[PDB]
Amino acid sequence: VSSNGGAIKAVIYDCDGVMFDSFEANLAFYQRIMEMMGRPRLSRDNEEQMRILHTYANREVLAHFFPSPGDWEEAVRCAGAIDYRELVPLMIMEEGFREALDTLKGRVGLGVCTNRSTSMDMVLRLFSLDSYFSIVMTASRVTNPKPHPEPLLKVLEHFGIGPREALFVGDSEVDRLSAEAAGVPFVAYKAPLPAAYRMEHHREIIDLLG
């Protein structure tokens, strides 16, 4: 509603690494693929396997664990058979995030800016966060997703504000580059990124609205 006397009229959040931790959801996704393929389960104690799950993308993860001829095609078939709606409850909300939204609601406009395509609206519904955000920017709602400025430029047009009247909270370089190209002050969340502000806990956002 923007009742804040400070310069910030809206706070925009990235999803993965900022609102939620999806490691347990991504791990359960590949564990189920191993079970359907009759392969041994992945181990949390295996550093290389966990490095692959943290850094590699979906296609390259399957291409890595299934190098035997014919197995990759069956692995992609198993991945597409899994209903991701069963994996959303495995996502772990970042500590103090809902409490921070409750502190912001009515004081500033609230938005989401994610590179997710279909899942974001379902994530907000299942975690009861769909009462907070007036704009939910996804990859399916822009021609050019992050690190392009388009999604953040649509957020400024949505609230009818200037770039320096908004904050974008992100944990990745693509979040920072999108904010830089849009001219929106960036807030680094638990990340080593050059930013206007940084946060180690979500409760700090109430002090960055000046």
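Just count from 1 along the sequence shown to find any residue number.
Visitor: Between 101-109 and 74-82, which has the larger average Cα B-factor in the PDB entry?
Guide: Going by the record's values, the stretch with the higher mean is 74-82.
Visitor: Is the mean CA B factor in the deposited entry higher across 132-140 or across 117-125?
Guide: Higher mean C-alpha B-factor: 117-125.
Visitor: Choose from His64, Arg176, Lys146, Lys154 the residue with the greatest Cα B-factor as stated in the PDB record.
Guide: Spelled out: the listed residue with the top C-alpha B-factor is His64.
Visitor: Kindly indicate the residue among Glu180, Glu48, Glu150, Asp171 with the greatest C-alpha B-factor in the PDB record.
Guide: Top of the list by C-alpha B-factor: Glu48.
Visitor: Select lowest, middle or highest to describe the third in which the CA B-factor of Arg164 falls within its chain in this entry.
Guide: CA B-factor rank for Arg164: middle third.
Visitor: What third of the chain, by the recorded C-alpha B-factor, contains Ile205?
Guide: Lowest third - that is where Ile205 ends up once the chain's C-alpha B-factors are sorted.
Visitor: Relative to the other modelled residues in the chain, which third contains the C-alpha temperature factor of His54: lowest, middle or highest?
Guide: Highest third - that is where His54 ends up once the chain's C-alpha B-factors are sorted.
Visitor: By the recorded C-alpha temperature factor, relative to the other modelled residues in its chain, which third is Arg41 in?
Guide: Tercile = highest for this residue's CA B-factor.
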